[PDB]
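Read through the structure below, which is laid out as structure tokens, and then see the notes.
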Amino acid sequence: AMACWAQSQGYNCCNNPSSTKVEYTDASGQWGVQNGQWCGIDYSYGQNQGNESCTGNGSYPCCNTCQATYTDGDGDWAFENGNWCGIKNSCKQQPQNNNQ
């Protein structure tokens with residue numbers, strides 16, 4: 001739960017970036033205020049495989065399958081239900097982050 005590219009400068013990770021409002025955008029990426037705190041929008045900011053979110057939230061829906069036939073600059077991707085959906089963050093690894 002800590003791998004946002006915004007922190008590299010000093011900012012913090014914007015929890016639930018898959019639904020965060022990006023009122024800002026520079027050459028660093030995207031930024032938004034969540035819960036009264038500045039943070040970049042990193043769908044893959046470093047969240048465990050606890051099914052916290054899904055990939056492809058940039059425009060398409062979630063796949064639900066852990067079969068990423070293709071990976072892009074936004075994570076992994078798969079073809080499910082005859083649609084281009086992203087792989088669920090839970091479909092990454094099992095030992096994601098120690099037991100709480």
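Per the entry's author numbering, the very first residue in the sequence shown carries number 1; after that it's consecutive.
C-beta atoms are modelled at their ideal positions from N, C-alpha and C, and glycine is treated no differently.
Open item on the list: Assuming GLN37 is part of the beta strand (DSSP E), what are its boundary residues?
Closed with: Counting along the chain, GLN37 falls outside any beta strand (DSSP E), and DSSP gives it neither H nor E.
Task: Residue burial classification, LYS88 (beta-carbon count within 10 angstroms, cutoff 16) - done: buried
TODO: May I ask you to list the residues that DSSP assigns as paired with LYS92?
DONE: Beta-bridge pairing links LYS92 to no other residue.
Open item on the list: Could you check whether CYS54 and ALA6 sit closer than 8 Å to each other, using their CB atoms as the reference points?
Closed with: no
- [ ] Output the distance between the C-alpha atoms of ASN57 and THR20, rounded to the nearest integer angstrom.
- [x] 11 Å
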